[PDB]
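Take a look at this one chain, the form deposited in one PDB entry, written out in structure tokens.
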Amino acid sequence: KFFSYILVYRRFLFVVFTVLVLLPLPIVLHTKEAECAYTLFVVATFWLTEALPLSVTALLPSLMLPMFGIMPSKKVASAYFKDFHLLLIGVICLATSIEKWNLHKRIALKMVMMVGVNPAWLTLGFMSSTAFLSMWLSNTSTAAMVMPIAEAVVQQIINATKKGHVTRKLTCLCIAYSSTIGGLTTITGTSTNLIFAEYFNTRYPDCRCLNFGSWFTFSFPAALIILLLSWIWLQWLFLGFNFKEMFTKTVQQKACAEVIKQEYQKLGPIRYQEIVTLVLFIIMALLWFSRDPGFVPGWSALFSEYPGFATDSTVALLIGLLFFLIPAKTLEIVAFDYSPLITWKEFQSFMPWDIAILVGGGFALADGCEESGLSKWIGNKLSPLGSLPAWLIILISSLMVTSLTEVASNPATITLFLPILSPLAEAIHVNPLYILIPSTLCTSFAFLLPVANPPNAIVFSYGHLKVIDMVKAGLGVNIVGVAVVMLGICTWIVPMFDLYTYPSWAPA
């Protein structure tokens, strides 16, 4: 019975073994260079294998590092709060209000019904709705909400046969990929973008070119091209791309339209909470764009001479906190009080208060690798290197990030490589964004295994996909994504970000 017991408690045994087996490195060295490497290896292993929760692992460098004589040092000019925390709080308020009233279901069903009834057009509508929802909501929640609806749609469309199996695989894969693809577009879409934004804001406080509007402007074309190419590739791989059929309704089309319509009525008539949430969401969609657009000069906002009147944090929370006071539900007296349309206990959830601890642990580990001699021990390997051109370094960095994120969680991968890429970016005397942006975009490209990211695991949990097919589709999707990211870096990101010219905010 030992075999079953070992196979059950793999997590505890692996944690204990990983902790214990690296003790030779400190004990037979008694050197700070080895003692910091011990902590780095343990934390990296726990992050990549997911033995403990990511925040739990990130808390480790604050505890085991001081035991070795290495303690947090240096200082900061953080003052308090940030321009990013406020924007994040506002976006989370918006997402909570959208989710708790099931407005996202109405939006998704409306788009699916409106796009059309052609199966290729139906998959395109599913992908577009999922990406649009994942722009604001989280990838995990968006996928877990959209998947049941699509499963019902395919079950009732096929109820009117390997074709159904193939179509269901196609729609599962397209939803899984579109969640992440739409995550790239906005800063709040994915926790990886949150980690990159926080790290860049802390490490380069002078740099302020990174914000919601600029991020959307430089990420939207890449996401759109990737979405279209991925839809085409998925359609071609499973079904056949009938160009003539793309270009009088059959019985099947009428039946599927009826099914979609009756699901839409099953959602129910619109309510006051849904309409007020939609109005506030539309108001938030504006005043974020048209403030400082990259291409079109926007003078409607930020035309005031007063400083700080128009900024992302202000326009975010000044509207978001309205979700905490607008009367939604009243109430045999029932205390005769209304409902705030959002309760603070609901905002306590749905909020990235674990990415904060994660990036804090990343900072602690990076600062630990700034004293002693581990940093120099790693950097002396750069002496034989460094003759490689910048584009080549970009190529290896992007390929390594994409390869690692296939078998590791995206936040762990980004927090593991970003504090390594940044010093390398500053060493070669190149714009740090030139290195970080392709790597940050490619981190989310984890399109191969259910273990890669939660959306893929949720999609595979329905047990209607095979690993071989998922890998076959994801190889093409990842190749297309990497190609489009490289094309964007070479073509249009540089003029709007000045990637070729070294910046003033970067250190000498």
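Rigid core: the largest C-alpha set superposing within 1.5 Å between the two forms. Numbering starts at 1 and runs along the sequence shown.
- Judged by the one-third criterion across other entries of this protein, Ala95, modelled here, is also modelled in every one of those that cover both its neighbours.
- Figure legend: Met246 is marked as unmodelled in at least a third of the other comparable entries of the protein.
- In the deposited sequence, the stretch from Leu331 to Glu332 hides 4 to 9 residues that have no coordinates.
- Per the record, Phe247 and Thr248 are separated by 4 to 9 deposited residues that are missing from the model.
Beyond what is shown, the protein has a form deposited in another entry; the following relates to that form.
- Of the residues checked (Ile232, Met400, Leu224, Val279), the rigid-core alignment between the shown form and the other one shows a Cα shift of at least 2 Å for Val279 alone.
- With the core held fixed, the Cα of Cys442 is displaced between the shown form and the other one by less than 2 Å.
- The Cα position of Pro495 differs by less than 2 Å between the shown form and the other one after fitting on the rigid core.
- With a cut-off of 2 Å and the rigid core superposed, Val15 has a Cα displacement that reaches or exceeds the cut-off between the shown form and the other one.
- Relative to this conformation, an increase of 3 Å or more in the Cα-Cα distance between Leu302 and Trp492 is found in the other form.
- One change in the other form concerns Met351 and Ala197, whose Cα atoms lie at least 3 Å farther apart than in this form.
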